[PDB]
Amino acid sequence: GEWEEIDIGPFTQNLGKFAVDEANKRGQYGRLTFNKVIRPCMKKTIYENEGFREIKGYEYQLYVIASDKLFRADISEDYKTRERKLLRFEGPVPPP
């Protein structure tokens, strides 16, 4: 399986902040205030399909508490540029 649990240290918390910033732009929940990312944070690596199967990027699934509510965010991150995209941000979700 290509998903693996990663740490919820500062880089992951900053991913959650990105997710909340992007969720605020989408506005589905109105303005939210990032609180923290909780376990589990899952990452999967996306590879090119052919050639050297270079890593194309990553996808993360995060559980982020924002405005005291728990959301699940899916975030892509390009390997070469570090460009992140919020793919999904939903909740309030059950605690994982």
# chains A, B, ... in the order shown; residues from 1 in each chain; ligands from 1
>>> residues_around(residues="residue 78 (chain A)", least_positions_apart="3", cutoff="8 Å", atoms="only C-alpha atoms", output="list in words")
residues 56, 57, 58, 81, 82, 83 and 84 of chain A
>>> select_by_dssp(residues="chain A", states="alpha helix (DSSP H)", output="number ranges by chain")
A: 10-26
>>> closest_residue(among="A:85, A:38, A:45, A:50", to="residue 21 (chain A)", atoms="only C-alpha atoms")
A:85
>>> closest_residue(among="A:32, A:73, A:65, A:41", to="residue 9 (chain A)", atoms="only C-alpha atoms")
A:41
>>> closest_residue(among="A:46, A:15, A:64, A:55", to="residue 34 (chain A)", atoms="only C-alpha atoms")
A:64
>>> atom_distance(atom1="CA of residue 53 (chain A)", atom2="CA of residue 79 (chain A)")
12.5 Å
>>> atom_distance(atom1="CA of residue 59 (chain A)", atom2="CA of residue 20 (chain A)")
16.0 Å
>>> residues_around(residues="residue 94 (chain A)", least_positions_apart="5", cutoff="12 Å", atoms="only C-alpha atoms", output="PyMOL selection string")
chain A and resi 63-65+69-72
>>> closest_residue(among="A:74, A:87, A:96, A:66", to="residue 29 (chain A)", atoms="only C-alpha atoms")
A:66
